[PDB]
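Engineer: Just passing along the structure, written as structure tokens.
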Amino acid sequence: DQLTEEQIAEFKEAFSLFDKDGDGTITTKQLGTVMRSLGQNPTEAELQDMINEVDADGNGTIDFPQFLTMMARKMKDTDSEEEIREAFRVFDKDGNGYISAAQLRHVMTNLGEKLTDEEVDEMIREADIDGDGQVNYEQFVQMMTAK
Amino acid sequence: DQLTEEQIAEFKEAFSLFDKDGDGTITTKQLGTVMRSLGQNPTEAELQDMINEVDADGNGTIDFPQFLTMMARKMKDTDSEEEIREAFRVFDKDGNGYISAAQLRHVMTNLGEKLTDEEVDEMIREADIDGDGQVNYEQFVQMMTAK
Amino acid sequence: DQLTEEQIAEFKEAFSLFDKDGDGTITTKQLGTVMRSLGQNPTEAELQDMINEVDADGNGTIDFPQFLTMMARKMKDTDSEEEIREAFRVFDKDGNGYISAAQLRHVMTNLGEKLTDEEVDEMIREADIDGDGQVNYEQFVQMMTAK
Amino acid sequence: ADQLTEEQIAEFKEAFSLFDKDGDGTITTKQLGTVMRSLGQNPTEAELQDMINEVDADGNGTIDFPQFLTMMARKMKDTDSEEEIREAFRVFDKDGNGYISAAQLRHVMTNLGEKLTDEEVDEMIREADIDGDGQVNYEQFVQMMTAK
Amino acid sequence: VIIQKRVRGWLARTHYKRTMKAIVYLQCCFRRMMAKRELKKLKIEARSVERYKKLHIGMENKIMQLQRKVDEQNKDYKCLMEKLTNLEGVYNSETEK
Amino acid sequence: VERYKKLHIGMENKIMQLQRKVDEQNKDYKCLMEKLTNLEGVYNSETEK
């Protein structure tokens with residue numbers, strides 16, 4: 001299909017900004033970064049799938065028409081915050097919405113992809129609650145709904 | 001709030017000088033410049049909103065009471081230079097504030113408000129920015145704060 | 001029954017008003033106007049009863065003690081506009097809730113107290129009462145709301 | 001709208017400076033009433049105390065030209081015609097002819113509404129040039145007032 | 001893994017918003033510096049009060065309009081909480097019944 | 001005329017406070033517009049249900 005013109009312009013500025021050489025090419029790491037930074041939720045498996053499709057296109061770099069096609073692919077996806085909130089509620093051992101934050105960091109390092117120590121600590125002090133003290137992941141779900 | 005008489009003389013001087021003739025009614029294009037004459041930064045969105053509000057009077061004519069509204073509306077928001085330093089150094093991946101002049105030029109070209117590369121080069125010469133060496137953030141911050 | 005200071009202040013203000021001489025002894029004819037403009041809803045028979053009480057008191061002139069006593073006996077009266085609306089409706093021959101101003105004048109003046117024609121016109125005036133057309137009952141509702 | 005011409009505001013400023021011997025611009029309650037009447041439109045005593053409270057909001061009851069601006073702006077919405085006032089004086093006359101004694105007018109202005117000072121009574125009696133015994137139209141004085 | 005996806009999305013969105021805020025600050029402050037040095041260059045002998053003298057009456061008129069608009073906004077606010085109280089009371093009574 | 005000029009300067013000073021008051025009144029106006037709309041919608045839905 002065809003996207004909104006304002007959306008196309010926003011994709012253009014994102015492409016220009018995340019490109020550091022100014023040529024108009026995006027690497028796999030920059031591809032994952034822009035997928036995560038557009039707003040939609042990219043799956044790690046789906047991130048590798050998109051990388052593989054780019055490799056099928058070739059050259060290991062993203063041109064603007066390819067960028068628009070992958071924008072169409074990305075908008076074809078949808079994100080639901082109620083489902084991730086329910087998954088978080090199941091994730092908590094108590095299930096009341098309050099869970100130990102240090103245990104959270106340890107599990108997301110173990111289960112799922114290992115979050116980097118920088119990302120882990122950034123999450124820690126953005127949560128604004130002590131690691132030993134109970135934290136509410138529902139607050140994180142709400143701040144995802146806000147964006 | 002309350003402001004000194006010397007600054008009042010400063011606005012009166014600014015209004016006198018920005019008038020190429022003596023009749024008054026400096027063009028609305030110089031409008032924003034007049035506001036920047038006060039060492040204050042009105043954003044382009046705020047600039048166009050202010051222009052739209054002025055257009056009710058129309059004719060592209062500015063008046064001293066309208067300039068007082070200009071300065072008060074800008075005074076509604078206040079900013080510090082440390083936030084500007086943090087904004088400059090957060091774009092850099094290293095975080096030391098050292099970025100290549102090509103990176104800064106690309107940042108300028110990627111702006112929503114299009115900035116001429118001629119002005120970027122002029123600022124580079126003003127700050128003696130080196131293209132090959134990463135420019136220290138404090139080097140430009142010195143006359144950022146001097147303003 | 002003793003009212004508040006502001007009540008007696010307003011009462012004495014009206015007292016000084018209708019006292020064209022300021023003597024303090026006002027005849028019955030002007031006392032009736034005082035009573036009606038003060039805020040009361042007195043029956044003409046009740047007015048004449050008050051006149052008989054004054055004559056028993058003597059001289060046919062009112063004093064502020066007697067005035068306050070008959071206040072105390074008069075504030076107990078209260079009327080609801082629904083009863084007056086029903087009175088107008090039963091005055092109306094068709095019973096649809098609309099009576100001609102000429103018909104209303106004739107019905108009110110032929111029986112009861114012979115109210116003068118000038119004050120009937122004053123009824124027609126200041127209330128947007130249509131002389132030939134049927135009188136709106138909402139006009140009368142507003143007139144009694146203003147009392 | 002109805003933007004005031006430079007001459008009018010300049011003359012009002014001159015009168016304000018003239019009345020205040022100090023020249024500092026400070027306005028007192030008596031000065032408030034003086035400028036209030038110098039504006040020339042109808043001033044209200046309840047509005048007088050309201051604006052006195054507004055001045056007290058600043059404190060000390062001492063204020064300058066911006067208070068004058070506030071009062072003139074609040075009074076601009078008020079519009080009155082002297083013909084309307086002179087036709088509304090008919091309700092004063094029970095007879096309605098308009099030829100009435102000045103004694104009853106004196107009694108009313110002394111007692112009705114806000115009490116008026118005795119010196120004010122004497123001033124009005126002297127200025128009206130109307131004999132108490134003779135019933136004389138108040139409209140004769142309303143005309144010379146309409147001159148202002 | 002879904003938690004990982006959400007965390008990456010949030011991280012990158014926050015970085016993105018920080019980048020736009022930084023870029024806006026940088027461009028606006030660059031414009032401020034350039035206009036400031038333009039003004040410094042444009043410094044000349046002195047001013048003329050007579051220009052302010054004519055504009056004083058305009059400021060008078062705008063002040064008049066200021067108190068006016070204050071008054072109409074106040075009246076609108078009066079009607080506003082009147083309507084607010086009416087709706088609150090009516091709907092509260094209806095809901096309770 | 002010196003007091004004249006000094007009071008003109010004070011008048012020029014006064015403008016900003018008035019403008020600030022206008023802006024704050026506008027903010028309150030829009031805020032309670034929003035409050036009115038939200039309350040009306042919630043009450044309507046509750047009454048209907």
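Note: ideal-geometry Cβ built from the backbone for every residue, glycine included; neighbour counts use all protein chains shown. Every number here is computed from the coordinates shown, using simple stated rules; none is lab data.
Engineer: Cβ-Cβ distance below 6 Å, separation of 6 or more or different chains: which pairs start in the stretch F:23-41 with a residue that is at the interface with chain E (Cβ under 7 Å from one of its Cβ atoms) and end on one that is surrounded by 13 or more Cβ atoms within 10 Å (Cβ to Cβ) and of a type in the set (A, V, I, L, M)?
Structural biologist: These pairs meet every condition: F:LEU32/E:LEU80; F:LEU36/E:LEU84; F:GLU40/E:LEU87.
Engineer: Here's something else I'd like to know. Provide a single number: the residues in the stretch E:42-52 that are more than 7 Å from chain B (Cβ to nearest Cβ), assigned to a helix (DSSP H, G or I) and charged (D, E, K, R).
Structural biologist: Within the stretch E:42-52, residues that are more than 7 Å from chain B (Cβ to nearest Cβ), assigned to a helix (DSSP H, G or I) and charged (D, E, K, R) number 1.
Engineer: Oh, and also: Return the pairs, sorted by first residue and then second, in which the second residue is among the small types (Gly, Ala, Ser) and exposed (fewer than 14 other Cβ atoms within 10 Å of the Cβ), the first residue lies in the stretch C:43-63 and is under 19 Å from C:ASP19 (Cα atoms), the beta carbons are less than 9 Å apart, and the residues are 6+ apart or on different chains.
Structural biologist: Within 9 Å, the pairs are C:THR61/C:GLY24; C:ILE62/C:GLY24; C:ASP63/C:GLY24.
Engineer: Still on this structure, I have one more. Which helices (runs of 4 or more DSSP H) does the stretch B:94-147 wholly contain that include 2 or more residues that are within 25 Å of A:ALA14 (Cα to Cα)?
Structural biologist: Result: B:101-109, B:117-127.
Engineer: Kindly indicate the residue of the stretch A:39-51 that is within 8 Å of chain E (Cβ to nearest Cβ) and among the polar types (S, T, N, Q) and also farthest from E:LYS5 (Cα to Cα) among those meeting that condition.
Structural biologist: Among those that are within 8 Å of chain E (Cβ to nearest Cβ) and among the polar types (S, T, N, Q), it is A:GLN40.
Engineer: Follow-up. Regarding B:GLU82, is this residue without any contact (Cβ under 8 Å) to a residue 24 or more places away in the chain, part of a helix (DSSP H, G or I) and within 10 Å of another protein chain (Cβ to nearest Cβ)?
Structural biologist: no
Engineer: Condition first: exposed (fewer than 14 other Cβ atoms within 10 Å of the Cβ) and β-branched (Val, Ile, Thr). Now tell me which residues in the stretch C:13-26 satisfy that.
Structural biologist: Correct list: C:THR25 only.
Engineer: Give me the pairs, please: first residue somewhere in the stretch F:1-18 and within 7 Å of another protein chain (Cβ to nearest Cβ) and more than 15 Å from B:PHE11 (Cα to Cα), second residue anywhere and basic (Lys, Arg) and crowded, with 16+ Cβ neighbours inside 10 Å, beta-carbon distance under 8 Å, and either six or more positions apart or on two chains.
Structural biologist: F:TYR4/D:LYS13; F:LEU7/D:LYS13
Engineer: Regarding B:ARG36, is this residue closer than 30 Å to E:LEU55 by Cα, facing another protein chain (nearest Cβ under 9 Å) and without any contact (Cβ under 8 Å) to a residue 40 or more places away in the chain?
Structural biologist: For B:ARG36, the condition - closer than 30 Å to E:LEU55 by Cα, facing another protein chain (nearest Cβ under 9 Å) and without any contact (Cβ under 8 Å) to a residue 40 or more places away in the chain - is met.
Engineer: Quick one: in the stretch D:1-23, of everything that is in contact (Cβ under 8 Å) with a residue 12 or more places away in the chain and away from chain E (no Cβ under 14 Å), which residue is nearest to E:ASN61 (Cα to Cα)?
Structural biologist: Applying the filter and picking the extreme gives D:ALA15.
Engineer: Whether any residue in the stretch E:86-97 is in a loop (DSSP other than H, G, I, E, B) and loosely packed, with under 12 Cβ neighbours inside 10 Å is what I want to check.
Structural biologist: yes
Engineer: Which condition does A:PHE88 not pass, out of (1) out of contact with any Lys or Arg (no Cβ under 8 Å at 6 or more places or on another chain); (2) more than 8 Å from every other protein chain (Cβ to nearest Cβ); (3) touching a residue at least 12 places away in the same chain (Cβ under 8 Å), if it passes all the others?
Structural biologist: Among (1) out of contact with any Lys or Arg (no Cβ under 8 Å at 6 or more places or on another chain); (2) more than 8 Å from every other protein chain (Cβ to nearest Cβ); (3) touching a residue at least 12 places away in the same chain (Cβ under 8 Å), A:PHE88 violates only (2).
Engineer: Related question: Just to be sure, is D:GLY33 surrounded by 15 or more Cβ atoms within 10 Å (Cβ to Cβ) and touching a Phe, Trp or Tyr at 6+ places or on another chain (Cβ under 7 Å)?
Structural biologist: no
Engineer: May I ask you to list pairs of residues, at least six apart or on different chains, whose Cβ atoms are under 6 Å apart, with the first in the stretch D:96-108 being within 15 Å of C:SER16 (Cα to Cα) and the second being in a loop (DSSP other than H, G, I, E, B)?
Structural biologist: D:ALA103/D:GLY132; D:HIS107/C:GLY22
Engineer: Also, quick follow-up: Does any residue of the stretch A:55-73 turn out to be more than 12 Å from every other protein chain (Cβ to nearest Cβ), aromatic (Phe, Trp, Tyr) and buried (at least 17 other Cβ atoms within 10 Å of the Cβ)?
Structural biologist: Yes, that holds for at least one residue.
Engineer: A further question follows. Check B:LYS74 against each of (1) outside any loop (DSSP other than H, G, I, E, B); (2) of a type in the set (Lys, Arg); (3) more than 15 Å from the chain's Cα centre (by Cα) and name the one condition it does not meet.
Structural biologist: (3)
Engineer: Oh, and also: Answer yes or no: is there a residue in the stretch E:53-62 that is without any contact (Cβ under 8 Å) to a residue 60 or more places away in the chain, surrounded by 16 or more Cβ atoms within 10 Å (Cβ to Cβ), within 14 Å of chain A (Cβ to nearest Cβ) and part of a helix (DSSP H, G or I).
Structural biologist: Checking the stretch E:53-62: not a single residue is without any contact (Cβ under 8 Å) to a residue 60 or more places away in the chain, surrounded by 16 or more Cβ atoms within 10 Å (Cβ to Cβ), within 14 Å of chain A (Cβ to nearest Cβ) and part of a helix (DSSP H, G or I).
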